[PDB]
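Working notes for the structure below.
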Amino acid sequence: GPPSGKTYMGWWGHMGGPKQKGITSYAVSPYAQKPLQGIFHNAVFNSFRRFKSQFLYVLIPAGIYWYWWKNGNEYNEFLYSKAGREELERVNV
Amino acid sequence: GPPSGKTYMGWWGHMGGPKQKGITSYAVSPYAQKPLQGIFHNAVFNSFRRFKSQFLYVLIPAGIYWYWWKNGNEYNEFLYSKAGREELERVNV
Amino acid sequence: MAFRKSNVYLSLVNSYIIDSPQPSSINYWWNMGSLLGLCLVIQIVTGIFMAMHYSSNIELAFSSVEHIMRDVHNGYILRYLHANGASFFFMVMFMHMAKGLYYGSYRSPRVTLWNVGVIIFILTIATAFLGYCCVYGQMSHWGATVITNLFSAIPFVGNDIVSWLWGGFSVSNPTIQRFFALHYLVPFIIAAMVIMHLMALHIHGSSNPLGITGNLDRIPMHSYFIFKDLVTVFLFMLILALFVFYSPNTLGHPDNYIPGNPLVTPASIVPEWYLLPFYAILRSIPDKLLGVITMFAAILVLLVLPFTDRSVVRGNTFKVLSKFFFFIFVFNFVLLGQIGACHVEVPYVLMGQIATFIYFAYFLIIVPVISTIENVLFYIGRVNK
Amino acid sequence: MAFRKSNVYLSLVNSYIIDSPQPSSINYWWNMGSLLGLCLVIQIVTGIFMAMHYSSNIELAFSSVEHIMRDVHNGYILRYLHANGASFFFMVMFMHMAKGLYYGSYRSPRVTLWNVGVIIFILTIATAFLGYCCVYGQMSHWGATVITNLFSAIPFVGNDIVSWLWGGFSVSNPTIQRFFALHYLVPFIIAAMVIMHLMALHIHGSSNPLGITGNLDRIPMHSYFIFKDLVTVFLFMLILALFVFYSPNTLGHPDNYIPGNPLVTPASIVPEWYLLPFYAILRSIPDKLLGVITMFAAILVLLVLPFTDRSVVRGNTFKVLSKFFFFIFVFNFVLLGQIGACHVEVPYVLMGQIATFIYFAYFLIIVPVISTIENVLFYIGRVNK
Amino acid sequence: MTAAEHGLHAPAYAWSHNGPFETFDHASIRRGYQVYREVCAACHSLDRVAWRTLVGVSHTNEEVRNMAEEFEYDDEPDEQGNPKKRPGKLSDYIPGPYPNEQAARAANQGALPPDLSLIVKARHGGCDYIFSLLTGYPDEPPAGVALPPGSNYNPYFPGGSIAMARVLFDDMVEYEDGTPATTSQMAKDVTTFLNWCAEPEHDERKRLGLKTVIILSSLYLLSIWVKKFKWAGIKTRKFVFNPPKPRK
Amino acid sequence: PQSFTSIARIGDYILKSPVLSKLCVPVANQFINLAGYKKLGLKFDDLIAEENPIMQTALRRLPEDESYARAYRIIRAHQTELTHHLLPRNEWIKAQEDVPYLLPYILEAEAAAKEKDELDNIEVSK
Amino acid sequence: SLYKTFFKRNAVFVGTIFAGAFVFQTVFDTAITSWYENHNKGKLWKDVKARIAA
Ligand SMILES: CCCCCCCCCCC(=O)OC[C@H](COP(=O)(O)OC[C@H](O)COP(=O)(O)OC[C@@H](COC(=O)CC)OC(=O)CCC)OC(=O)CCCCCCCC
Ligand SMILES: CCCCCCCCCCCCCCCCCC(=O)OC[C@H](COP(=O)(O)OCCN)OC(=O)CCCCCCCCCCCCC
Ligand code: HEC
Ligand code: HEC
Ligand code: HEC
Ligand code: HEC
Ligand code: HEC
Ligand SMILES: COc1c(O)c(C)c(C/C=C(\C)CC/C=C(\C)CC/C=C(/C)CC/C=C(\C)CC/C=C(\C)CCC=C(C)C)c(O)c1OC
Ligand SMILES: COc1c(O)c(C)c(C/C=C(\C)CC/C=C(\C)CC/C=C(\C)CC/C=C(\C)CC/C=C(/C)CCC=C(C)C)c(O)c1OC
Ligand SMILES: CCCCCCCCCCCCCCC(=O)O[C@H](COC(=O)CCCCCCCCCCCC)COP(=O)(O)O
Ligand SMILES: CCCCCCCCCCCCCCC(=O)O[C@H](COC(=O)CCCCCCCCCCCC)COP(=O)(O)O
Ligand SMILES: CCCCCCCCCCCCCCCCCC(=O)O[C@H](COC(=O)CCCCCC)COP(=O)(O)OCCN
Ligand SMILES: CCCCCCCCCCCCCCCCCC(=O)O[C@H](COC(=O)CCCCCC)COP(=O)(O)OCCN
Ligand SMILES: CCCCCCCCCCCCCC(=O)O[C@H](COC(=O)CCCCCCCCCCC)COP(=O)(O)O
């Protein structure tokens with residue numbers, strides 16, 4: 001097969017990261033490891049941490065656009081009622 | 001990408017043939033070469049050579065199967081005629 | 001070597017779904033790709049087994065769909081899976097493209113991957129529109145009419161292009177037959193574009209939610225991301241089974257069970273739920289030609305995205321203002337859909353125009369300016385002079 | 001490096017049709033592969049543009065085919081290209097498989113390539129049969145009936161399999177609709193199998209008409225075999241244009257222009273011209289179950305071919321007796337087709353049985369015995385003792 | 001639009017077949033068919049409902065056969081090509097009262113009565129809309145509404161002006177089981193019957209939904225366990241780093 | 001695609017002015033500690049995307065010990081993001097340790113590529 | 001080791017999977033049919049057929 005260009009991911013053995021030295025791993029078999037030991041206290045406190053650091057960036061745009069949609073929908077159902085029909089007459093023309 | 005198995009065709013440079021030495025090529029540009037100079041005398045004599053060395057291996061099976069088909073078709077149109085209807089009676093039963 | 005490495009066919013299966021080096025920090029948002037593959041297989045298999053009972057004449061389309069839902073054994077399962085799975089296909093694809101915008105997967109060296117993604121998105125919108133017109137309900141007929149008149153807006157040529165599309169003078173029997181043929185055809189082009197998408201992905205590997213390299217700590221595909229994708233596959237099938245079996249006709253529009261009548265126009269012509277932001281973008285422009293150009297520019301402005309992200313860090317993970325304006329953009333896209341679902345009434349015209357402007361301003365003004373300000377803020381926060 | 005080598009997409013185009021090292025001694029018989037690719041593209045494009053006007057109901061199939069041939073602009077070109085190109089597709093495929101048997105391309109290391117070729121052959125026979133039943137003429141209806149009753153020969157299960165295939169109790173509206181859906185579907189499976197075929201080819205390169213290696217003198221694909229394939233492409237289009245425009249209905253059977261009538265049986269039910277050897281093989285066995293098993297074994301006996309060729313030189317080029325018995329086999333296959341075109345009459349039954357026996361004897365007895373004798377004859381011709 | 005063009009919002013009636021486990025009331029479907037045949041079937045076709053679908057759902061075998069043999073359908077012609085009729089059977093469809101569209105528009109002042117095979121699935125609101133449409137006619141329209149002559153008022157129709165007449169009055173039909181047949185009772189019965197006609201799969205759809213949701217919820221929890229299991233070697237993995245000797 | 005010479009010019013114009021520095025350096029480090037890359041145990045020069053050849057050059061330029069430290073900080077960041085936790089407060093990168101260590105290597109590669117492009121497109125002094 | 005020989009061979013493992021899936025399909029079908037009929041007693045058609053005795 002033909003050669004190809006320089007990529008930024010190699011394969012197992014020549015992956016292409018920087019050379020690393022003196023960094024040791026430690027892992028235990030999952031047969032001697034108890035899974036889901038960290039669901040209780042975890043799904044409460046870590047989930048509250050993940051919500052607290054991260055909710056306000058979602059809650060302010062939702063608040064802005066929901067308030068703007070609600071004000072627009074309220075103004076719609078105002079001016080297509082009997083009370084605002086002359087205003088509908090002057091803004092539709 | 002992963003490595004693959006040993007194939008019998010490489011690529012340009014490491015094709016995988018035997019090492020060769022002292023065998024020189026000579027070729028001329030086709031702009032200074034006249035194409036189809038070898039159509040006349042060629043399509044007669046070389047075509048007759050290519051026919052003579054190679055026709056009989058095609059002509060004997062065609063002869064055998066065409067003679068066998070013709071004899072079978074003649075025997076068909078015999079025994080479904082008026083002359084061979086009693087033979088059709090004795091070979092169909 | 002091993003047989004999964006030395007065989008010609010199994011080497012692709014190996015290097016794609018067995019020994020593919022994935023970054024070990026990717027969360028469940030890197031699972032929508034496998035989920036889209038599963039949902040495409042669902043769409044194709046239900047499409048074949050439901051198109052064995054479909055007759056594509058204009059006088060026999062709606063009756064054949066009802067023949068599927070009534071007389072065919074388990075045919076209601078097929079049609080409900082098919083329509084609601086197309087809805088989930090666009091929902092998972094929207095979440096996948098939002099994963100692309102958020103974590104900066106569009107940036108270099110993955111521009112080819114992003115462009116093939118945008119091509120897949122356009123082909124999928126085309127497939128969904130053609131298959132929705134194959135039902136030939138009320139909404140199907142009138143939506144086909146409105147979209148092809150939008151193609152008639154093209155100057156000096158457009159009327160003959162539309163008489164070519166219709167195969168006649170209005171939406172008639174040749175139109176529905178060629179929409180069924182094209183609708184059978186284009187998903188295989190989508191499958192070929194998906195294979196090209198996987199190639200352009202595989203030449204550099206996936207990103208990670210930090211925006212740094214992942215060449216240091218790679219874990220294989222097999223058993224790890226196989227069972228993580230199996231988790232989200234079962235969740236996706238659970239939610240699809242809810243919206244198929246317990247509430248099937250929620251996402252659809254009830255006018256689509258009226259047969260196609262060219263004489264009666266509906267009270268409100270609305271596409272199916274996911275094409276509504278694009279319909280709002282087109283309806284916000286007070287011109288037909290500029291409307292069609294703006295509707296296609298609303299997808300090509302995703303192609304102009306890697307050239308405007310001037311942030312020197314990849315992805316919006318560790319940046320404040322870019323993350324905030326990203327969620328401004330997402331809820332703006334939802335607001336485009338909800339503007340498009342409404343009528344052409346005060347003040348929805350003005351809000352549709354402002355919402356279209358904030359869409360294009362996010363893709364063209366907000367991202368480069370906020371990325372430049374965030375770069376300078378990262379620099380002067382830690383450099384003292 | 002160059003852009004055709006460094007790009008992800010163009011590297012496949014490069015390594016397949018530009019810089020592929022081909023042996024420089026291959027003649028025009030190594031051109032049927034490109035010719036089959038061109039003819040498959042012809043079949044697919046005419047199938048799409050002709051299936052935009054086709055309605056697959058049993059009461060509207062034949063009328064829609066005649067609507068294509070009469071009312072559609074240039075529709076006679078489409079149907080005549082389509083049917084006569086299917087005939088040329090099988091003729092070029094028969095010549096391609098004969099190139100495979102003659103020059104020994106089935107032998108090691110190309111067994112995977114040969115097996116994927118046999119899979120493509122089975123899928124193509126299936127596609128042609130389904131599309132011939134989509135016409136719903138007289139021959140279409142009764143051929144579908146005979147082939148599915150052959151599937152009813154299977155013990156203890158077969159009647160329910162056939163009621164599953166028919167979708168009813170005889171060849172009716174669901175049968176023709178599902179044959180049209182399957183017939184639209186299976187050519188894309190053929191395209192995927194063709195891509196797998198090209199992969200299994202590309203891992204070892206083509207053979208050559210001498211049966212020796214070709215690693216020494218390779219010339220590229222580009223301009224050389226590009227223009228050689230262009231020569232045979234123009235010859236193929238010339239002969240296809242003759243049999244489309246000047247004599248279109250020669251290869252077909254004239255009973256197929258009678259509409260499908262379940263009550264009237266024809267005087268002679270015959271498939272289209274290329275399935276006749278297989279129909280003769282099946283008709284030569286005086287049993288239904290053994291007939292169906294023998295008809296499928298007549299294709300699986302091509303899979304048992306690389307394990308019986310005991311010749312130590314590749315290909316029949318430099319061997320006398322193998323070349324002679326190869327042409328015995330080829331003219332026997334033609335004689336099978338001509339036996340199958342005839343009636344069940346004396347002596348065509350006995351000749352069909354002898355011809356089937358010579359078919360299986362060539363694939364199972366003649367090739368290993370003649371190859372062993374040819375090996376020993378090559379040895380003792382030049383070794384003196 | 002105003003609320004008049006949009007039509008008044010039909011409220012949430014508590015049907016006996018709402019909820020993810022409740023099925024149809026088949027006695028109510030039987031009584032709904034009776035009210036259909038004696039009131040609606042003068043002016044509404046039911047073209048997509050075959051006779052065989054009522055066997056085992058709302059009527060027995062002989063009841064459907066003796067209701068279908070009262071009607072005449074087109075037989076294949078005789079040995080001289082003359083067109084002939086035949087009594088109905090189980091495989092035919094429920095015939096409409098009108099031979100074509102123009103007879104319908106002639107007999108109903110121009111307005112075409114829509115086919116009711118899918119009418120509870122082709123209106124927003126559905127069951128609540130059909131019930132409020134039937135039981136929603138005022139005795140007199142509100143003050144200031146000029147109806148076009150030949151049309152009627154009820155607020156649930158989009159626009160207010162409908163071309164239907166109020167056709168549910170007290171005790172115009174008699175029930176077989178002796179149920180008091182008021183207007184609301186008959187309207188509830190026909191709305192349940194039209195829900196059956198649009199959704200004949202409804203019972204089997206909900207029980208297969210129960211099976212599928214149970215099996216997929218169990219698979220989802222089992223797959224969460226197996227993902228937390230096979231990732232346990234990677235979640236708990238630890239890294240320490242003593243920086244190497246700088247002479248090399 | 002910011003071309004580090006440009007961001008360095010803007011940042012030095014902000015820092016050398018007293019009014020602009022007094023105005024937007026508190027905004028700057030407030031942005032930094034709301035960004036939260038410290039809490040995963042990273043530095044900002046560990047965070048610049050390195051899949052363009054000029055940054056790849058500036059990573060070849062780097063000394064050995066800082067390269068091994070950068071590799072450890074990346075692997076601990078991937079592991080901490082995998083467990084969906086944060087590093088404990090003793091292991092967070094402090095404000096004094098967030099040193100722009102890779103910035104001069106990046107800037108000299110910037111100046112080298114800029115000079116190569118300018119000299120590749122020169123006129124002649126006629 | 002008491003159950004591990006019941007899990008050791010993969011043949012008997014997948015045989016246990018298929019036997020249990022067969023039993024699960026039969027029992028689960030019968031149980032969900034019985035519960036779905038019991039929850040809606042008085043509304044199914046065999047109830048109305050029993051009530052309407054004429
Ligand atoms: C039936 C519908 C099929 C539709 C498919 C359309 C394509 C038909 C393909 C037929 C074929 O491929 O046979 C190839 C066969 C072997 O070729 P070879 O390499 O051994 O000969 C080298 C040539 O002199 C080089 O000469 P050159 O390469 O310079 O030109 C070749 C020739 C092109 O002709 C063909 O391709 C085949 C007709 O140009 C001409 O001069 C033509 C003059 C009018 O050519 C021959 O030489 C004939 C030998 C007998 C074959 C009889 C076939 C009966 C089935
Ligand atoms: C189920 C499995 C499928 C089986 C398919 C059955 C066969 C399908 C029929 C297709 C026709 C293909 C014919 C055979 C194609 C290969 C023939 C060939 O390779 O041609 C070359 C051959 C010998 O040439 P060399 O390569 O040996 O030359 C070397 C020089 N020293 O040159 C020759 O010997 C002459 C070649 C002349 C070809 C004659 C073809 C006859 C076609 C049938 C005619 C029917 C009407 C009677
Ligand atoms: C035959 C192959 C086939 C394929 C492949 C296919 N569909 Fe469809 N699809 C159909 C048919 C037939 C219909 C019309 C019948 C129906 O709507 O139930 C349809 C209808 C639809 C509808 C309208 C459903 C409704 O009832 O409103 C949508 C939406 C849709 N397809 C989307 C898709 C998408 C998205 C894909 C894949 C990316 C896809 N289809 C692939 C056959 C197919
Ligand atoms: C829609 C896509 C389509 C594809 C792809 C396609 N066909 Fe067909 N084909 C048709 C249609 C439609 C018909 C029936 C109309 C006709 O016969 O003209 C047909 C008919 C046929 C017929 C019968 C022609 C006749 O009139 O007797 C044959 C033979 C056939 N196809 C073979 C093939 C083969 C071989 C291939 C590819 C390997 C193929 N088709 C691919 C659409 C297709
Ligand atoms: C236009 C955007 C876009 C569309 C549309 C799109 N993709 Fe992707 N896809 C991406 C990007 C970007 C990535 C790379 C993710 C990243 O940034 O690391 C990706 C990656 C993937 C992956 C690898 C797994 C993953 O989550 O990254 C798969 C699989 C995939 N896509 C499949 C699909 C399929 C299937 C479709 C539709 C058929 C599709 N994609 C449509 C942009 C897209
Ligand atoms: C049953 C046998 C067989 C069938 C059928 C078959 N192939 Fe081949 N094909 C081969 C073999 C064997 C080779 C290589 C022979 C050699 O090089 O000696 C081959 C080679 C090729 C080549 C390379 C050029 C050449 O002639 O060797 C192409 C291209 C190709 N096939 C395409 C196709 C296509 C397209 C089809 C139909 C869709 C097809 N093949 C059907 C066996 C087959
Ligand atoms: C007087 C003749 C007549 C009778 C009797 C009649 N209908 Fe109608 N019905 C109509 C007409 C006309 C329309 C459509 C009028 C329109 O569109 O303005 C209609 C429309 C309807 C509609 C839908 C109206 C809409 O706006 O969508 C329903 C539902 C309906 N009928 C139910 C029934 C039922 C149930 C019965 C029997 C119980 C019945 N009708 C008996 C004439 C009749
Ligand atoms: C980055 O890491 C990766 C990664 O590298 C990969 C590869 C994947 C995996 C990607 C996929 C699985 C997507 C692949 C999708 C395709 C290849 C699309 C192909 C789809 C098809 C439907 C194939 C077409 C097949 C058919 C149409 C056959 C159907 C035929 C039928 C049903 C015939 C029925 C008729 C009869 C008579 C039975 C990942 O998910 C992933 O993230 C973890
Ligand atoms: C060994 O060396 C080689 C070699 O490597 C290769 C690749 C080839 C080439 C072989 C092939 C290309 C065969 C492969 C064939 C395919 C992959 C089939 C592909 C065809 C399709 C997928 C169908 C085509 C589909 C389209 C064109 C889509 C567009 C169609 C329509 C109808 C859209 C029109 C609609 C509108 C609205 C205009 C050789 O010939 C060859 O020998 C020299
Ligand atoms: C083309 C369609 C794409 C759809 C995307 C689907 C992505 C997830 C695929 C999951 C495949 C699981 C195989 C794991 C495996 O074989 O591990 C095998 C054995 O594992 C198992 O037995 C898993 C139990 C059986 C699970 C069956 C799941 C079937 C439901 C699939 C629903 C989607 C089709 C190897 O496991 P080991 O290496 O840890 O020993
Ligand atoms: C997918 C379908 C497969 C069909 C198999 C077709 C196999 C042959 C393909 C021929 C392509 C020719 C390109 C050569 C080329 O570009 O050389 C280019 C320029 O050559 C030419 O200009 C050729 C003149 C134009 C010929 C146009 C032929 C079109 C008819 C095609 C009919 C079949 C589709 C490079 O030539 P050079 O490297 O010698 O300089
Ligand atoms: C556009 C691309 C579409 C997708 C195509 C690419 C992805 C293909 C994935 C295919 C996965 C399944 C293939 C596994 C089959 C492996 C068997 C094998 O390779 O043995 C092959 C023989 O294969 C065959 O005979 C027919 C295989 C047809 C496959 C039909 C699906 C022998 O291969 P090999 O030469 O390495 O063996 C030497 C013996 N020690
Ligand atoms: C039927 C196909 C089945 C699957 C087989 C795959 C083979 C596909 C053959 C396609 C050949 C023609 C493709 C030419 C495209 C080359 C252009 C290109 O690679 O430029 C690419 C960008 O591509 C695109 O944006 C659009 C590609 C869409 C292609 C849709 C057809 C340039 O990217 P580059 O390689 O220089 O990487 C630098 C990273 N910034
Ligand atoms: C071919 C792709 C199809 C994927 C479907 C996924 C969508 C989820 C809804 C499925 C409902 C259709 C089936 C059904 O109605 O069954 C119902 C039972 O529900 C289920 O068991 C569905 C569980 C889905 C598990 C998926 C396993 C993966 C198989 C891959 C293909 C071999 C009806 O059961 P029954 O007919 O009574 O035997």
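Ligands are numbered from 1 in the order shown, residues from 1 within each chain, and chains are lettered A, B, ... in the order they appear in the structure tokens.
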Would you mind listing, for every residue of chain F within 7 Å of chain C, the two atoms forming the shortest contact and the distance between them in Å to one decimal, using only C-alpha atoms, sorted by chain and ascending residue number, as CSV?
```
residue,atom,partner,partner_atom,distance
F:1,CA,C:310,CA,5.1
F:2,CA,C:310,CA,5.6
F:7,CA,C:376,CA,5.9
F:11,CA,C:380,CA,5.8
F:15,CA,C:385,CA,6.0
F:25,CA,C:381,CA,6.3
F:28,CA,C:381,CA,4.5
F:29,CA,C:381,CA,4.6
F:32,CA,C:381,CA,6.3
F:35,CA,C:318,CA,5.0
F:36,CA,C:318,CA,6.5
F:37,CA,C:318,CA,6.3
F:47,CA,C:212,CA,5.8
F:48,CA,C:313,CA,4.9
F:49,CA,C:313,CA,5.4
F:51,CA,C:109,CA,6.9
F:75,CA,C:217,CA,6.5
F:78,CA,C:25,CA,5.3
F:79,CA,C:25,CA,6.9
F:81,CA,C:25,CA,6.0
F:82,CA,C:25,CA,4.7
F:98,CA,C:382,CA,6.7
F:100,CA,C:383,CA,6.8
```
Discussion item. At a cut-off of 6 Å around ligand 3, and using only C-alpha atoms and all ligand atoms, what residues come up? Please write them as a PyMOL selection string.
Written reply: chain C and resi 40+43-44+47-48+50-51+65+79+83+86+124+127-128+131-132+134-135+184+187
Go ahead and save the picked residues with C-alpha atoms, as a compact mmCIF listing (two decimals), in the first residue's frame.
```txt
# COMPACT_ATOMS: atom_id res chain seq x y z
CA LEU C 40 -30.11 5.04 10.51
CA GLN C 43 -34.88 3.87 9.45
CA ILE C 44 -33.57 1.76 6.58
CA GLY C 47 -38.32 1.59 5.29
CA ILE C 48 -37.74 -1.62 3.36
CA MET C 50 -42.83 -0.90 5.01
CA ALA C 51 -42.12 -0.16 1.34
CA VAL C 65 -50.38 3.87 4.26
CA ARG C 79 -44.98 3.09 10.61
CA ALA C 83 -41.95 8.31 11.72
CA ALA C 86 -37.09 9.95 12.00
CA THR C 124 -30.85 13.95 5.67
CA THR C 127 -34.58 12.53 2.76
CA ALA C 128 -36.98 13.50 5.53
CA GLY C 131 -40.46 10.83 2.79
CA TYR C 132 -42.87 13.24 4.43
CA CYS C 134 -44.62 10.38 0.27
CA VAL C 135 -47.44 10.15 2.83
CA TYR C 184 -35.71 5.32 -1.59
CA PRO C 187 -30.43 7.14 2.22
```
Item to complete: For chain D, list the residues within 9 Å of chain B, counting only C-alpha atoms, and write the list as a VMD selection string.
Response: chain D and resid 19 to 21 109 202 to 205 213 to 216 218 320 323 to 325 327 to 332 335 345 to 348 351
Discussion item. Run DSSP on the backbone and tell me which residues of chain B come out as alpha helix (DSSP H); list them as a VMD selection string.
Written reply: chain B and resid 47 to 52 56 to 79 85 to 92
Output file for the selection above: C-alpha atoms, as a PDB file, in the first residue's frame:
```pdb
ATOM      1  CA  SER B  47      -3.231 -12.749 -36.930  1.00  0.00           C
ATOM      2  CA  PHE B  48      -2.845 -15.871 -39.045  1.00  0.00           C
ATOM      3  CA  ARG B  49      -0.120 -17.111 -36.681  1.00  0.00           C
ATOM      4  CA  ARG B  50      -2.352 -16.430 -33.672  1.00  0.00           C
ATOM      5  CA  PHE B  51      -5.190 -18.239 -35.401  1.00  0.00           C
ATOM      6  CA  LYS B  52      -3.123 -21.233 -36.519  1.00  0.00           C
ATOM      7  CA  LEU B  56      -8.012 -26.258 -33.153  1.00  0.00           C
ATOM      8  CA  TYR B  57      -8.585 -26.318 -29.387  1.00  0.00           C
ATOM      9  CA  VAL B  58     -11.775 -24.321 -30.050  1.00  0.00           C
ATOM     10  CA  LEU B  59     -12.766 -26.013 -33.292  1.00  0.00           C
ATOM     11  CA  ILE B  60     -12.785 -29.617 -32.073  1.00  0.00           C
ATOM     12  CA  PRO B  61     -15.173 -29.037 -29.083  1.00  0.00           C
ATOM     13  CA  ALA B  62     -17.419 -26.861 -31.265  1.00  0.00           C
ATOM     14  CA  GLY B  63     -17.436 -29.603 -33.882  1.00  0.00           C
ATOM     15  CA  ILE B  64     -18.250 -32.343 -31.359  1.00  0.00           C
ATOM     16  CA  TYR B  65     -21.071 -30.484 -29.645  1.00  0.00           C
ATOM     17  CA  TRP B  66     -22.539 -29.041 -32.835  1.00  0.00           C
ATOM     18  CA  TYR B  67     -22.592 -32.479 -34.461  1.00  0.00           C
ATOM     19  CA  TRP B  68     -24.178 -33.947 -31.343  1.00  0.00           C
ATOM     20  CA  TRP B  69     -26.793 -31.183 -31.188  1.00  0.00           C
ATOM     21  CA  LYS B  70     -27.545 -31.594 -34.887  1.00  0.00           C
ATOM     22  CA  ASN B  71     -27.944 -35.360 -34.606  1.00  0.00           C
ATOM     23  CA  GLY B  72     -30.218 -34.941 -31.586  1.00  0.00           C
ATOM     24  CA  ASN B  73     -32.345 -32.274 -33.256  1.00  0.00           C
ATOM     25  CA  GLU B  74     -32.662 -34.387 -36.404  1.00  0.00           C
ATOM     26  CA  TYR B  75     -33.772 -37.358 -34.308  1.00  0.00           C
ATOM     27  CA  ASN B  76     -36.306 -35.129 -32.532  1.00  0.00           C
ATOM     28  CA  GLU B  77     -37.878 -33.878 -35.751  1.00  0.00           C
ATOM     29  CA  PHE B  78     -37.860 -37.453 -37.003  1.00  0.00           C
ATOM     30  CA  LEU B  79     -39.757 -39.045 -34.157  1.00  0.00           C
ATOM     31  CA  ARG B  85     -44.735 -42.181 -34.497  1.00  0.00           C
ATOM     32  CA  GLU B  86     -44.613 -45.870 -33.540  1.00  0.00           C
ATOM     33  CA  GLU B  87     -41.012 -45.373 -32.436  1.00  0.00           C
ATOM     34  CA  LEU B  88     -42.206 -42.391 -30.393  1.00  0.00           C
ATOM     35  CA  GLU B  89     -44.832 -44.729 -28.948  1.00  0.00           C
ATOM     36  CA  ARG B  90     -42.261 -47.331 -27.930  1.00  0.00           C
ATOM     37  CA  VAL B  91     -39.611 -44.940 -26.542  1.00  0.00           C
ATOM     38  CA  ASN B  92     -42.047 -42.629 -24.766  1.00  0.00           C
TER      39      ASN B  92
END
```
Item to complete: Please report, as a ChimeraX atom specification, each residue of region 46-201 of chain E to which DSSP assigns strand (DSSP E or B) when run on this structure's backbone.
Response: /E:50,55,59,72-74,85-87,93,152-153,161-162
Practice prompt. May I have the residues within 6 Å of ligand 12, computed using only C-alpha atoms and all ligand atoms, as an NGL selection string?
Written response: (:C and (7 or 9-10 or 13)) or (:D and (112 or 115-116 or 192 or 195-196))
Discussion item. Distance cut-off 9 Å, counting only C-alpha atoms - which residues of chain E neighbour chain G? Return them as a VMD selection string.
Written reply: chain E and resid 21 to 28 56 to 60 177 207 210 to 211
Worksheet item: Given the choices E:141, E:113, E:126, E:243, which gets closest to chain C if the distance is worked out from only C-alpha atoms?
Response: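 Selected residue with least distance to chain C: E:126.
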Item to complete: May I have the residues within 9 Å of residue 136 (chain E) as an MDAnalysis selection string, using only C-alpha atoms and disregarding those fewer than 6 positions away in the same chain?
Response: chainID E and resid 153:156 166
The selected residues should be written to file as a PDB file, in the first residue's frame (atoms: C-alpha atoms).
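Okay, selection.pdb is ready:
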```
ATOM      1  CA  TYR E 153     -73.152  27.741  15.306  1.00  0.00           C
ATOM      2  CA  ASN E 154     -71.054  26.015  17.886  1.00  0.00           C
ATOM      3  CA  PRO E 155     -67.898  27.574  19.347  1.00  0.00           C
ATOM      4  CA  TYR E 156     -65.725  24.474  19.040  1.00  0.00           C
ATOM      5  CA  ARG E 166     -77.565  19.442  15.867  1.00  0.00           C
TER       6      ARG E 166
END
```
Practice prompt. Using only C-alpha atoms and all ligand atoms, pick whichever of B:3, B:84, B:55, B:93 has the shortest atom-to-atom distance to ligand 2.
Written response: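 Once distances to ligand 2 are computed over only C-alpha atoms and all ligand atoms, the minimum belongs to B:55.
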